[PDB]
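Okay, so here's the structure we're looking at.
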Amino acid sequence: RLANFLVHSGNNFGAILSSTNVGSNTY
Amino acid sequence: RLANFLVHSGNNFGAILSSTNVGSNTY
Amino acid sequence: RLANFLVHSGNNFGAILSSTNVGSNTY
Amino acid sequence: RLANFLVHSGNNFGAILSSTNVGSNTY
Amino acid sequence: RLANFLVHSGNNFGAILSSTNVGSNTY
Amino acid sequence: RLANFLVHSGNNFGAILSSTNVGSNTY
Amino acid sequence: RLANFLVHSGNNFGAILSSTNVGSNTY
Amino acid sequence: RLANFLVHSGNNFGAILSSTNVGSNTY
Amino acid sequence: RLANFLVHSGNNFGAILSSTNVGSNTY
Amino acid sequence: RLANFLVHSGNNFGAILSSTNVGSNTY
Amino acid sequence: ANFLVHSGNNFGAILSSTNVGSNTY
Amino acid sequence: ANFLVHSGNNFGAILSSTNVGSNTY
Amino acid sequence: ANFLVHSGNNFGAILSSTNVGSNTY
Amino acid sequence: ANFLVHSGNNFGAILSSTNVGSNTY
Amino acid sequence: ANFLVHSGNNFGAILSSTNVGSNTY
């Protein structure tokens, strides 16, 4: 019985320019 | 019994320019 | 018995320009 | 019985330029 | 019974330029 | 008056999400 | 008056998330 | 008046998250 | 008046997170 | 008036986090 | 005499803004 | 005489801003 | 006489700003 | 006579700023 | 006569600033 939690809650990102893998969940 | 949770809740992104894989869930 | 959850709830995106894979779920 | 928690709550990012793997969860 | 917690709460990042692995959880 | 309630009394093995926008300018 | 309540009394093995925006300018 | 309550009385083995924005300019 | 309460009375084996922004300019 | 309370009376084996921003300019 | 010239300006996306790319007098 | 020239300016994204890329007099 | 010239300026992202890339007189 | 020249300036990201990349007189 | 020249300036990120990369007179 294995449980994996990847959560994003109430996060604010002002500006994202020429970036990669920002605010993402990767399994 | 395996459970995987990838959640995005209440996230705000002001501006995203020329970016990749922003605010995404990848399994 | 395997359950996978990829959820997007209440997310706001102001502007998305020339970007790829933004706010998406990929399995 | 194994449980893994990767959480992001109430984080603010002013500006992200030409960066990689910012504010992300990787399993 | 093993539990691993990787948490980010109330963190503020003013500006992130040409950086890698900032404010991220890696398992 | 605004009253927003999320009540849980049973056994939950899945995802329960609630998103609310009251009198807001959301982009 | 604003009243936001999250009440949990049962057994939870999953994710319970709540997001609220009241009178805000969200981008 | 603003009242934000998170109440937990049962057995929790998962994630319980709450995010609130009241009268804010969020980017 | 602002009242923010987090109350816990049961047995918690997981994550309980609360994030609040009241009358703020968040970037 | 601002009242921020975190009350714990039960048995906690996990993480309990609280983040609050009241009338602030956060970047 | 007052001369105002506006040319060749590219605007990506404008949200809830005022007096953008205009000749205001 | 007053001369104002605006040319070849690229703007990515503008949010809740005032007097951006404008000839204000 | 007053001469104001604006050319070849690249702006990435502008949020809650005033008088950006403008010829203000 | 007053001459103001602005050219070839790259701005990455601007947040809650005033009089950025402008010819203010 | 007054001459102000601005060229080839790279700005990474600007937050809550005033009179940045500008020709103020």
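Identifiers in the structure tokens: chain A, B, ... in order shown; residue index from 1 per chain; ligand index from 1 in order shown.
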Task: Identical-sequence pair chain F and chain E: C-alpha RMSD when superposed in order - done: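 Once chain E is overlaid on chain F, the RMSD is 9.9 Å.
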- [ ] Using only C-alpha atoms, determine which residues of chain N fall within 12 Å of chain I; present them as a count of residues only.
- [x] 3
Task: Atom pair CA of residue 2 in chain M / CA of residue 20 in chain M: separation (Å) - done: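 Interatomic distance here is 19.8 Å.
Between CA of residue 4 in chain N and CA of residue 4 in chain M there is a distance of 4.9 Å.
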Taking the backbone alone, and naming residues the way the document does, which bits of chain E are strand (DSSP E or B) by DSSP, as a PDB file with N, CA and C atoms, in the first residue's frame?
ATOM      1  N   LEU E   2       7.108   3.745   6.486  1.00  0.00           N
ATOM      2  CA  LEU E   2       8.045   4.833   6.245  1.00  0.00           C
ATOM      3  C   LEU E   2       7.302   6.009   5.632  1.00  0.00           C
ATOM      4  N   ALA E   3       7.507   7.195   6.196  1.00  0.00           N
ATOM      5  CA  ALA E   3       6.881   8.419   5.714  1.00  0.00           C
ATOM      6  C   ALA E   3       7.953   9.467   5.456  1.00  0.00           C
ATOM      7  N   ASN E   4       7.943  10.036   4.254  1.00  0.00           N
ATOM      8  CA  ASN E   4       8.892  11.068   3.858  1.00  0.00           C
ATOM      9  C   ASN E   4       8.132  12.341   3.521  1.00  0.00           C
ATOM     10  N   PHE E   5       8.537  13.450   4.131  1.00  0.00           N
ATOM     11  CA  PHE E   5       7.886  14.740   3.940  1.00  0.00           C
ATOM     12  C   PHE E   5       8.884  15.722   3.354  1.00  0.00           C
ATOM     13  N   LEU E   6       8.564  16.261   2.182  1.00  0.00           N
ATOM     14  CA  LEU E   6       9.333  17.334   1.561  1.00  0.00           C
ATOM     15  C   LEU E   6       8.373  18.492   1.325  1.00  0.00           C
ATOM     16  N   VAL E   7       8.473  19.531   2.146  1.00  0.00           N
ATOM     17  CA  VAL E   7       7.466  20.581   2.199  1.00  0.00           C
ATOM     18  C   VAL E   7       8.109  21.924   1.885  1.00  0.00           C
ATOM     19  N   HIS E   8       7.365  22.772   1.176  1.00  0.00           N
ATOM     20  CA  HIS E   8       7.712  24.173   0.957  1.00  0.00           C
ATOM     21  C   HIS E   8       6.498  24.999   1.358  1.00  0.00           C
ATOM     22  N   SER E   9       6.657  25.859   2.357  1.00  0.00           N
ATOM     23  CA  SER E   9       5.546  26.652   2.862  1.00  0.00           C
ATOM     24  C   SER E   9       5.966  28.104   3.013  1.00  0.00           C
ATOM     25  N   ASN E  12       9.288  32.983  -0.306  1.00  0.00           N
ATOM     26  CA  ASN E  12       9.234  34.067  -1.275  1.00  0.00           C
ATOM     27  C   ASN E  12      10.552  34.144  -2.028  1.00  0.00           C
ATOM     28  N   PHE E  13      10.471  34.207  -3.354  1.00  0.00           N
ATOM     29  CA  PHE E  13      11.637  34.305  -4.225  1.00  0.00           C
ATOM     30  C   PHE E  13      11.483  35.563  -5.067  1.00  0.00           C
ATOM     31  N   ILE E  16      14.823  35.083 -10.021  1.00  0.00           N
ATOM     32  CA  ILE E  16      15.634  33.903 -10.288  1.00  0.00           C
ATOM     33  C   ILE E  16      16.068  33.970 -11.744  1.00  0.00           C
ATOM     34  N   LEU E  17      17.371  34.095 -11.978  1.00  0.00           N
ATOM     35  CA  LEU E  17      17.899  34.287 -13.322  1.00  0.00           C
ATOM     36  C   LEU E  17      18.979  33.257 -13.613  1.00  0.00           C
ATOM     37  N   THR E  20      19.236  26.891 -11.675  1.00  0.00           N
ATOM     38  CA  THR E  20      18.752  25.527 -11.826  1.00  0.00           C
ATOM     39  C   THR E  20      18.453  24.941 -10.455  1.00  0.00           C
ATOM     40  N   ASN E  21      17.347  24.203 -10.362  1.00  0.00           N
ATOM     41  CA  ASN E  21      16.949  23.503  -9.140  1.00  0.00           C
ATOM     42  C   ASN E  21      16.797  24.477  -7.969  1.00  0.00           C
ATOM     43  N   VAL E  22      15.889  25.433  -8.137  1.00  0.00           N
ATOM     44  CA  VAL E  22      15.612  26.449  -7.128  1.00  0.00           C
ATOM     45  C   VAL E  22      14.241  26.176  -6.529  1.00  0.00           C
ATOM     46  N   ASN E  25      11.631  20.153  -4.873  1.00  0.00           N
ATOM     47  CA  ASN E  25      11.726  18.921  -4.101  1.00  0.00           C
ATOM     48  C   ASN E  25      12.082  17.791  -5.051  1.00  0.00           C
ATOM     49  N   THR E  26      13.165  17.083  -4.751  1.00  0.00           N
ATOM     50  CA  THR E  26      13.635  15.976  -5.571  1.00  0.00           C
ATOM     51  C   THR E  26      13.709  14.719  -4.720  1.00  0.00           C
TER      52      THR E  26
END
Open item on the list: At a cut-off of 12 Å, using only C-alpha atoms, what residues contact residue 23 in chain K? Leave out same-chain residues fewer than 6 positions from it and give the result as number ranges by chain.
Closed with: K: 2-7; L: 4-6, 19-25; M: 22-25
Written file, previous selection with N, CA, C and O atoms, as a CSV table (one decimal), in the first residue's frame:
chain,number,residue,atom,x,y,z
K,2,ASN,N,3.5,70.1,-32.8
K,2,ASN,CA,3.8,68.9,-32.1
K,2,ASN,C,3.7,67.7,-33.0
K,2,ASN,O,2.6,67.5,-33.7
K,3,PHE,N,4.7,66.9,-33.1
K,3,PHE,CA,4.7,65.7,-34.0
K,3,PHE,C,4.8,64.4,-33.1
K,3,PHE,O,5.8,64.3,-32.3
K,4,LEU,N,3.9,63.5,-33.3
K,4,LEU,CA,3.9,62.2,-32.6
K,4,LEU,C,3.9,61.1,-33.7
K,4,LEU,O,3.0,61.1,-34.5
K,5,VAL,N,4.9,60.2,-33.6
K,5,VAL,CA,5.0,59.2,-34.6
K,5,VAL,C,5.0,57.8,-33.8
K,5,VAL,O,5.7,57.7,-32.8
K,6,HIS,N,4.3,56.9,-34.3
K,6,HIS,CA,4.2,55.5,-33.8
K,6,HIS,C,4.2,54.5,-34.9
K,6,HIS,O,3.4,54.6,-35.8
K,7,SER,N,5.2,53.6,-34.8
K,7,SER,CA,5.4,52.7,-36.0
K,7,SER,C,6.0,51.4,-35.5
K,7,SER,O,6.8,51.4,-34.5
L,4,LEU,N,8.3,63.5,-31.1
L,4,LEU,CA,8.3,62.2,-30.4
L,4,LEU,C,8.3,61.1,-31.4
L,4,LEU,O,7.4,61.0,-32.3
L,5,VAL,N,9.2,60.2,-31.3
L,5,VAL,CA,9.3,59.0,-32.3
L,5,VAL,C,9.3,57.7,-31.5
L,5,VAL,O,10.0,57.6,-30.5
L,6,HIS,N,8.5,56.8,-32.0
L,6,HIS,CA,8.4,55.5,-31.4
L,6,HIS,C,8.5,54.4,-32.5
L,6,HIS,O,7.7,54.5,-33.4
L,19,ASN,N,0.4,53.7,-19.3
L,19,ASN,CA,1.4,54.5,-20.1
L,19,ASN,C,2.6,53.6,-20.5
L,19,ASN,O,3.7,53.9,-20.1
L,20,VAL,N,2.3,52.6,-21.2
L,20,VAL,CA,3.3,51.6,-21.7
L,20,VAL,C,3.5,51.8,-23.2
L,20,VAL,O,2.5,51.6,-23.9
L,21,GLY,N,4.7,52.0,-23.7
L,21,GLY,CA,4.9,52.2,-25.1
L,21,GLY,C,4.0,53.2,-25.8
L,21,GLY,O,3.5,53.1,-26.9
L,22,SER,N,3.9,54.4,-25.1
L,22,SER,CA,3.0,55.4,-25.5
L,22,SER,C,3.8,56.8,-25.6
L,22,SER,O,4.8,57.0,-24.9
L,23,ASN,N,3.3,57.7,-26.5
L,23,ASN,CA,3.8,59.0,-26.6
L,23,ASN,C,2.9,59.9,-25.8
L,23,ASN,O,1.9,60.4,-26.3
L,24,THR,N,3.2,60.1,-24.5
L,24,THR,CA,2.3,60.9,-23.6
L,24,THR,C,2.8,62.4,-23.6
L,24,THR,O,4.0,62.6,-23.5
L,25,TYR,N,1.9,63.3,-23.9
L,25,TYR,CA,2.2,64.7,-23.9
L,25,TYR,C,1.5,65.5,-22.8
L,25,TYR,O,0.3,65.2,-22.5
M,22,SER,N,8.1,54.6,-22.6
M,22,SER,CA,7.3,55.7,-23.1
M,22,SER,C,8.0,57.0,-23.2
M,22,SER,O,9.0,57.2,-22.5
M,23,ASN,N,7.6,57.8,-24.1
M,23,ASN,CA,8.1,59.2,-24.3
M,23,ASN,C,7.2,60.1,-23.5
M,23,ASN,O,6.2,60.6,-24.1
M,24,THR,N,7.5,60.4,-22.3
M,24,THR,CA,6.6,61.2,-21.4
M,24,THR,C,7.2,62.6,-21.5
M,24,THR,O,8.4,62.9,-21.3
M,25,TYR,N,6.3,63.6,-21.7
M,25,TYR,CA,6.6,65.0,-21.8
M,25,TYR,C,5.9,65.8,-20.7
M,25,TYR,O,4.7,65.5,-20.4
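Note that the spacing between CA of residue 18 in chain K and CA of residue 13 in chain M amounts to 15.8 Å.
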